[PDB]
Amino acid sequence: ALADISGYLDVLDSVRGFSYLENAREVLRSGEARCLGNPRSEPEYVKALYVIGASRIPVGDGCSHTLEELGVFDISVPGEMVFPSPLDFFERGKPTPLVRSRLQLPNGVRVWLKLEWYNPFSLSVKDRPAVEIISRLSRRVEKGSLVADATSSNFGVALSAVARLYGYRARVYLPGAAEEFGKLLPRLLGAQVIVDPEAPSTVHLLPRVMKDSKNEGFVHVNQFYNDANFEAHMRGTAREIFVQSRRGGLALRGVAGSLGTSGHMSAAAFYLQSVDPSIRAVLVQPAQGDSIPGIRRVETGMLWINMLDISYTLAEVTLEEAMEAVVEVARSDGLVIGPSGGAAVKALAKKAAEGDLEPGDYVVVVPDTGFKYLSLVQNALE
């Protein structure tokens, strides 16, 4: 029998750890879930269903229900694109678009771009963890409280917009090298902004955010460590690649993407590899010395890609190579992608060129729009 899951979402407070992901993996591999006699008594199984994008839970005795029955494949988007509010628009206006590029890669690799700037608040993939993280807080943290994090630009914007829609104040901290939209847009949205001209990176700022959290008592939402980041991308981003691959009739052989917190590419890899362990994850390694906004190298410390049972292959990509790929996608597709998006296309093109990849459909996650990076675009033109 089916029950609406939204009545059981307190498992999102109480379940801790990654062991519930074993249930997620098995449900996704088999395409079905067993009925719970007493759903309340199995909170890891319930959380596993939520995280894979179920909206209904299987209830009763000895029965089972398919992904489809459980709502993994429900259509959420109103056909006419009318929404009663911004947050409802965020939530129901999904999937983000999956668009086949006209670029051809060697060796039968066909490229589809998932365009994460189709998110209403930060015009980036960061809307998703910001909504999941603030929503998780909202039953436990008093309205009017301050929330804060370190950000490279996007999450700070997403966080400021969402905190404010939920009745919180926000503070964002940025390194000096962050884009200007990141330093300015959060103030437009009512947040306080602290810029550290000395910080050589975003994670460099975390000790300072933690120390101020202890003194001032704000909630440090820590997108680098908060499992709600990875979980947002499981029930959103990753579920979408899966359902979009099926309904689109793609022959999905892999996904490609970049790594900041590692939240969205861990979810994409974990979720798809649960369905078919041979699906590749091709991930960008910014070349040493280079700065590609929003992303960084794996050995600088990333939670989910490291702790989860995920296969992937790395590819080094210089800033200059990322920007060359921005230029090529622009002139092929009329789509203006961000540097991190250019880096991921480049990473996939490299793996294609080396003969490493099967022919088929590959999905590249494009974190944001290139309109936000005019002076990198200028440098790339020369």
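Each residue number is its position in the shown sequence, starting from 1.
A.B. asks: Per the entry, where is the mean C-alpha temperature factor higher: 108-116 or 190-198?
C.D. replies: The stretch with the larger average C-alpha B-factor is 190-198.
A.B. asks: Higher average CA B factor in the deposited record is what I'm after, so tell me if that's 167-175 or 297-305.
C.D. replies: Result of the comparison: 297-305.
A.B. asks: Between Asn222, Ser291, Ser85, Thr261, which one tops the list for Cα B-factor in this entry?
C.D. replies: In the PDB entry, the greatest C-alpha B-factor among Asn222, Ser291, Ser85, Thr261 is found at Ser291.
A.B. asks: Whose CA atom has the top B-factor in the entry, of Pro339, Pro43, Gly334, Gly53?
C.D. replies: Of the options given, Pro43 has the highest CA B-factor in the PDB entry.
A.B. asks: Based on the entry's values, in what third of the chain does the Cα temperature factor of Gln244 lie: lowest, middle or highest?
C.D. replies: It falls in the bottom third of the chain.
A.B. asks: How does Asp368 rank on Cα B-factor within its chain, lowest, middle or highest third?
C.D. replies: Lowest third of the chain for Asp368's C-alpha B-factor.
A.B. asks: Lowest, middle or highest third: which one holds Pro95 when the chain's residues are ordered by CA B-factor from the entry?
C.D. replies: Ranked within chain, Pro95 CA B lands in the lowest tercile.
A.B. asks: Hey, what third does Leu159 fall into on Cα B-factor, ranked over its chain?
C.D. replies: Lowest third of the chain for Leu159's C-alpha B-factor.
A.B. asks: Check where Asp276 lands among this chain's C-alpha B-factors and tell me if it's the lowest, middle or highest third.
C.D. replies: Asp276: CA B-factor falls in the middle third of its chain.
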